[PDB]
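# Reading the structure
One letter stands for each residue in the lines below.
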Amino acid sequence: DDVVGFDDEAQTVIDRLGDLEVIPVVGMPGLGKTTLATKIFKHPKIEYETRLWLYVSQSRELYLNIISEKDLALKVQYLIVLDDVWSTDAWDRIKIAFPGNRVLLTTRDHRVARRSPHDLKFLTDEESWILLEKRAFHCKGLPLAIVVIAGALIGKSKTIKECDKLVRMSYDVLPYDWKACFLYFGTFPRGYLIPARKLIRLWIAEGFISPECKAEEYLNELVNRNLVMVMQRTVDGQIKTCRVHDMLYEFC
Ligand SMILES: Nc1ncnc2c1ncn2[C@@H]1O[C@H](COP(=O)(O)OP(=O)(O)O)[C@@H](O)[C@H]1O
């Protein structure tokens, strides 16, 4: 629950939630579409809608994850979130899954206009100050830009720094041992969900070096530097599934 400025923005999409609606959330990458959907998915809706997350991307086999296309269209038979849809043809074939039920949609494409698209707002100058203050201590409205800005120097003046170059600005302050592990996310598909334990054994074999213990600390710091997003946690090993943002992936 570390989200700012989306209290009034989520309610607007909640009032949107007459048998099956689309509800598309349009916005440039890094604006907070996945973050807003998480706030909406976990908003007090126990008495309203069940509730499962289905992450797709630019990549039919995701039907079975809770419990041959004919078998994939019969046993699928509420509110379910679609994380990232890239084209109209991707939704025009997956929609025949399970027809007061709704489906939440977030995407970066305005061409996916299916029924008025709710364009996500930008953080104001005051709400951006709150996000930067809490993400550094604990610029133009883009939350990803505010997130990438990692305070490596805590001096009396930080005016020396007043989206690729912002990633480079946090990339230049990374130690040499962390650069090879951060760029290794380019060897995986765009938006790939990498298991943390598997990624650690891959870093050891690649020569990025007890070794499995400090490799987690390399992953913890990259998350602390706000460069790697943790998707799933647990109680046996904490960080379970992680991924890198699509804008940070273009840099890798
Ligand atoms: N309202 C917000 N408050 C705090 N952090 C945010 C907010 N919106 C986005 N972020 C941060 O930006 C990063 C990437 O945003 P993301 O949800 O991927 O946007 P999109 O879904 O539009 O690509 C996330 O790690 C998240 O922490």
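Sequence order as written determines residue numbers, which begin from 1 on each chain and need not coincide with the entry numbering; residues that lack coordinates are not included. To get the side-chain values, take all heavy atoms of the structure and skip hydrogens and water.

The deposited coordinates for this entry were obtained by X-ray crystallography, with a reported resolution of 2.5000 Å.

### Structural notes on the UniProt feature "binding site: ADP" (unreviewed entry) in the chain
When the UniProt feature table is mapped onto this chain numbering, "binding site: ADP" (unreviewed entry) sits at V4, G30, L31, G32, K33, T34, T35, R135 and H245. Only DSSP runs of H or I with at least four residues qualify as helices, and only runs of E with at least two residues qualify as strands; both kinds are numbered from the N terminus onward. Tracing the backbone through its elements, the reader meets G30 in the loop between strand 1 (24–26) and helix 2 (33–41). The rule is simple: take the accessible area with a 1.4 Å probe, protein chains only, and divide by the maximum for that residue type; under 20% is buried, over 50% is exposed, in between is partly exposed. Using a relative accessible area of 9% as the deciding quantity, one classes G30 as buried. The residue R135 is located in helix 4 (residues 125–136) in this model. For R135, a relative accessible area of 33% puts it in the partly exposed group. UniProt positions are given in the numbering used here, feature names are shortened, and annotations may be inferred rather than shown by experiment.

### Considering the state of the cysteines
Here, the term disulfide refers to a pair of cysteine sulfur atoms separated by no more than 2.5 Å. Taken as a whole and assessed by the stated rule, the structure comprises zero disulfides. Of all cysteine sulfurs in the structure, the one in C163 sits closest to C139, which takes part in no disulfide; the separation is 12 Å. With no disulfide of its own, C242 has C181 as its nearest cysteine by sulfur position, at a separation of 11 Å.

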